[PDB]
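The structure appears below as structure tokens.
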Amino acid sequence: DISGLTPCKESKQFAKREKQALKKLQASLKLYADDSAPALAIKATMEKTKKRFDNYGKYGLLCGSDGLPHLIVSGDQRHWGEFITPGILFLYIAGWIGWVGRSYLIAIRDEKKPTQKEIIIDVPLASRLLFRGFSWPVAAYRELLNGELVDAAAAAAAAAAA
Amino acid sequence: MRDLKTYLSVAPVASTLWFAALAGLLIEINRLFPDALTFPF
Amino acid sequence: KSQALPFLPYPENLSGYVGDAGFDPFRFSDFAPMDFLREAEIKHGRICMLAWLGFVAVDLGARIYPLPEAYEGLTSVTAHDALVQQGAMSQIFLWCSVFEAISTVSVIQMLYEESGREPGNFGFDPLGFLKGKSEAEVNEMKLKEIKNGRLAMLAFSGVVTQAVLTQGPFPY
Amino acid sequence: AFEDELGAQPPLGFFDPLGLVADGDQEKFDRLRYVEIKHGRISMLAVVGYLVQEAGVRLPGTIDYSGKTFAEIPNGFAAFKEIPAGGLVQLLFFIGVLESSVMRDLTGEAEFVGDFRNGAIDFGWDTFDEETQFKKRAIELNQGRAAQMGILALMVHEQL
Amino acid sequence: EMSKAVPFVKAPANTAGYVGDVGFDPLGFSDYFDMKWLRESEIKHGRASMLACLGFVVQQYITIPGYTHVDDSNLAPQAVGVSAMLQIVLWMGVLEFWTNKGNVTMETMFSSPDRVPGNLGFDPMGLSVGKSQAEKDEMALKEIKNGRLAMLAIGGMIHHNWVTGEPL
Ligand code: CLA
Ligand code: CLA
Ligand code: CLA
Ligand code: CLA
Ligand SMILES: CCCCCCCCCCCCCCCC(=O)OC[C@H](COP(=O)(O)OC[C@@H](O)CO)OC(=O)CCCCCCCCCCCCCCC
């Protein structure tokens, strides 16, 4: 496949990693009696470990000669779950914070003491604003084609140079 | 107790409560849906 | 000047309360607000009145009829540890804590910012025992409540001690 | 003070040794009487129950579809624990609809019980004699007052 | 002065002209947030619950042709997939933008002097049209109460199955 990689369910070296990770925890398990808390903890760890290899095998990830999963970010839609889909997710949450935080500064600006409300949050007002950023791509778009997103060039102070 | 409420609204107290709620958010999701390298789950 | 301890001065804060007696040698009344201290003694008494009788009915022999199978062959000393393994004590803790989060709102509104609510009155009189009563009868009932509340705090305190020492029949 | 009320019959008259309607409140008598009349007849149906049951008179047939018959049922407190689990539910249900339907008759404490023609049967309050009801309601209370001591016998003369 | 519902904390201010008013706000949310938003929330939470209480029960016995009968309502999304689920919620969105003429946030909603809480304009049959005020207040008390019963209900129906593994 891409870059001469093989899928992880068919990699001979990915399977060896699964065995040696389980063998290491089994040889630690043998020094304890079967009902005790260290034996139940290591038994639960080998279940977590065994479920970690099974998950990847059917995942659809690509392995190398090293036996480790690789990620593809060319833009292929077949490997979307690797970068695109968690990427769109992060953009939604990061742009949500920046939008909401900016709404707050603009709101408390027209006031006697704007600086007072940055060290001591008006929580009822802040709480209201935080959840209005769920539709930010629409709200950031309405202000771009209004004139309320970016200011004019005669409103920004500039260094003597330019 | 309107002065304790203004004390609970100061920036470092709100930052630790917000982070405590948000670290524990990520810890809980990693407790039920662990080892999620990608969407494959 | 104290009626309980006639070789002491009067503690200068206990005035106006239903139970007076001049009894405060360690003087907590000059330290804590005196509405808040009466809250406790009412709440401490009301738990112990239910805790004494409730701790005994189960040892004189009286159990609930449906019997979940988890409440089988248990005395009251053992009935704490097996129950928290069941979920009964995790529940009663929940519905008590629901009532206590409301009571936290009430006690801060009374001590500070002036609710006007009495230390231990929750408006709970369904059968109307005090309605229509004058101040000579309301002050008597409230007085009777603390006395039995005071008696049951010391009564329950011994019997959980008495039961773990001599593990047996209800009389210990 | 609180005389010439319902059911103060003389073999005694004014049965108050310890001040219980006076030191109750203004009105607990209005609770207490509603409270007493219900206790009297649950005892009556307990006494008329536990006696007619003890004579062996049973309903002919089965109590469920799985073949449990009424004649397989002895008495005492050993008969409530025998009628099956679902069979106890439908007992308690259209009883529990009717402490709801009778306590809430637009007045709680003025009128007494909320008479037995609440469901399936219909009552007339208009035919209402002043003299006739004083004796008949005071028989009825005092039948139950003896029946409570009578059922307290046969509940306690089982354990000893 | 004191609350009608719980008579040992102070009566909540700025909840007076509302339908299910019994003065129940011990945590004081109506002191901090706009009351029109809170009412509109409570009605909407109630209407979605009342539809989900019918749904959870009727889905066991009726199933439309083409789908797979699932013993427990809770396991239904797995038996319908994700594409069908997203179609539902994205159309719910489109039904919600048209609903409030585009004013969908806690700052844009209730910006008109009209637009009272819960009035959708929805009335195809004509229930409560041209009647008096007392009757209108009475029918609005029924929608709140049945919606509040259904919220605590739809918990229990969903929760019962969480522990156990079989239908209602
Ligand atoms: C002997 C104890 C006693 C006394 C004198 C009072 C007295 C009072 N309480 Mg109080 N209370 C008690 C115990 C008591 N309480 C307990 C244990 C609790 C916890 C559940 C409470 C919780 C409580 C609340 C939450 C409130 C009161 C209030 C009041 C006042 C008005 C109501 C009233 O008079 O009813 C009391 C009248 C009685 C005749 C007492 C009842 C005696 C019982 C029935 C004895 C029987 C014991 C047991 C149930 C028997 C069962 C059988 C057994 C074999 C299993 C009054 C000053 C209200 C208040 O302060 O308003 C002014 C109020 O808001 N109480
Ligand atoms: C460390 C990593 C990290 C992560 C993962 C997050 C994650 C999040 N932050 Mg945080 N944050 C962080 C660090 C982080 N933060 C840091 C370092 C800071 C600086 C101090 C902040 C500052 C901060 C602020 C101020 C805020 C956040 C908020 C948010 C949330 C925005 C998305 C959301 O609310 O849910 C996603 C919600 C949805 C997708 C809902 C969709 C819209 C609805 C209408 C659709 C309804 C669908 C329906 C219910 C489905 C049911 C249908 C049924 C049939 C199934 C999100 C949980 C915001 C928040 O908490 O929200 C109130 C917020 O205000 N963050
Ligand atoms: C401090 C109070 C208190 C506490 C923490 C407990 C705790 C416990 N009881 Mg107990 N109990 C109490 C008082 C208390 N009881 C009282 C006062 C009685 C006599 C009525 C009983 C009678 C009793 C029985 C018969 C049984 C228990 C049992 C138990 C255990 C399981 C819970 C249960 O089934 O409750 C059952 C509780 C009750 C039937 C009574 C609760 C009454 C509450 C506490 C007071 C009423 C509150 C109300 C506001 C007052 C006004 C109402 C008015 C109409 C009377 C648990 C350890 C069970 C067990 O496992 O035993 C081994 C059991 O079978 N209890
Ligand atoms: C806020 C209300 C609320 C409440 C009370 C519950 C309650 C519950 N949900 Mg639930 N749920 C809710 C909201 C809620 N949910 C919401 C909004 C959603 C999303 C829509 C879900 C989704 C959800 C799902 C999908 C499922 C549940 C399940 C459950 C049950 C699991 C119980 C549990 O967590 O063990 C509580 C844990 C304990 C009691 C253990 C504690 C034991 C130790 C000894 C106590 C000491 C440790 C202590 C906690 C530490 C102290 C803290 C520290 C600060 C000091 C329980 C009935 C599931 C279920 O029933 O499975 C079993 C199930 O299928 N719910
Ligand atoms: C398949 C579904 C698509 C059908 C579209 C349905 C149209 C909705 C109806 C429009 C409202 C008309 C009513 C009055 C018309 C009106 O004036 O209201 C327009 C409305 C805002 O209206 P207002 O300006 O009155 O709202 C208050 C503003 O002044 C803000 O203060 O904005 C929209 O129309 C948004 C439409 C949805 C846009 C959907 C595009 C999807 C973008 C999402 C991007 C995802 C990013 C993912 C993260 C990276």
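Please give the helices (runs of 4 or more DSSP H) falling wholly within segment E:26-126 in which 3 or more residues are within 14 Å of chain A (Cβ to nearest Cβ) and within 13 Å of ligand 2 (Cβ to nearest atom).
E:83-97
May I ask you to list the residues in segment C:122-144 that are part of a loop (DSSP other than H, G, I, E, B), surrounded by 14 or more Cβ atoms within 10 Å (Cβ to Cβ) and more than 10 Å from chain D (Cβ to nearest Cβ)?
Hit for segment C:122-144 is C:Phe122, nothing else.
Counting only residues that are aromatic (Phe, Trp, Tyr), give me the helices (runs of 4 or more DSSP H) lying completely in segment A:61-150 with at least 3 of them.
Ranges flagged: A:84-107.
Quick check on my filter: what residues within segment C:1-39 are among the acidic types (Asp, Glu) and at positive phi?
C:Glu12
Matching residues to (1) surrounded by fewer than 16 Cβ atoms within 10 Å (Cβ to Cβ); (2) over 22 Å from A:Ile2 (Cα atoms); (3) within 11 Å of chain B (Cβ to nearest Cβ):
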residue: A:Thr45; (1), (2), (3): yes, yes, no
residue: A:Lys48; (1), (2), (3): yes, yes, yes
residue: A:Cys63; (1), (2), (3): no, no, no
residue: A:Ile72; (1), (2), (3): no, no, yes
residue: A:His79; (1), (2), (3): no, no, yes
residue: A:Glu82; (1), (2), (3): no, no, yes
residue: A:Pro86; (1), (2), (3): yes, no, yes
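Just name the residue that is nearest to the other protein chains (Cβ to nearest Cβ) out of those in segment C:36-87 that are within 16 Å of ligand 1 (Cβ to nearest atom) and assigned to a loop (DSSP other than H, G, I, E, B).
So, considering only residues that are within 16 Å of ligand 1 (Cβ to nearest atom) and assigned to a loop (DSSP other than H, G, I, E, B), the one nearest to the other protein chains (Cβ to nearest Cβ) is C:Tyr65.
Given D:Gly49, D:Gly150, which one is touching a residue at least 40 places away in the same chain (Cβ under 8 Å) and within 30 Å of D:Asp30 (Cβ to Cβ)?
Selected residue: D:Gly150, the only one of D:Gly49, D:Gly150 that is touching a residue at least 40 places away in the same chain (Cβ under 8 Å) and within 30 Å of D:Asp30 (Cβ to Cβ).
Restricting attention to segment B:3-21, which residues are farther than 19 Å from E:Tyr32 by Cα and either within 16 Å of ligand 5 (Cβ to nearest atom) or away from chain A (no Cβ under 11 Å) (or both)?
Correct list: B:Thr16, B:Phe19, B:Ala20, B:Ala21.
Six or more apart or on different chains, Cβ atoms under 9 Å: show the pairs whose first residue is in segment E:123-139 and farther than 17 Å from E:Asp21 by Cα and free of Cβ contacts under 8 Å to residues at least 12 places away in the same chain and whose second is of a type in the set (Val, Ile, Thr) and surrounded by fewer than 10 Cβ atoms within 10 Å (Cβ to Cβ).
E:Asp123/E:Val129
If I filter segment E:82-98 for residues that are away from ligand 5 (no atom under 16 Å from the Cβ) and either without any contact (Cβ under 8 Å) to a residue 60 or more places away in the chain or exposed (fewer than 14 other Cβ atoms within 10 Å of the Cβ) (or both), do I get at least one hit?
Taking every residue of segment E:82-98 in turn, at least one turns out to be away from ligand 5 (no atom under 16 Å from the Cβ) and either without any contact (Cβ under 8 Å) to a residue 60 or more places away in the chain or exposed (fewer than 14 other Cβ atoms within 10 Å of the Cβ) (or both).
Here, each number is a calculation from the coordinates, and none is a lab measurement. Note that each Cβ is placed from the backbone with ideal geometry, even for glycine, and that neighbours are counted across all protein chains shown.
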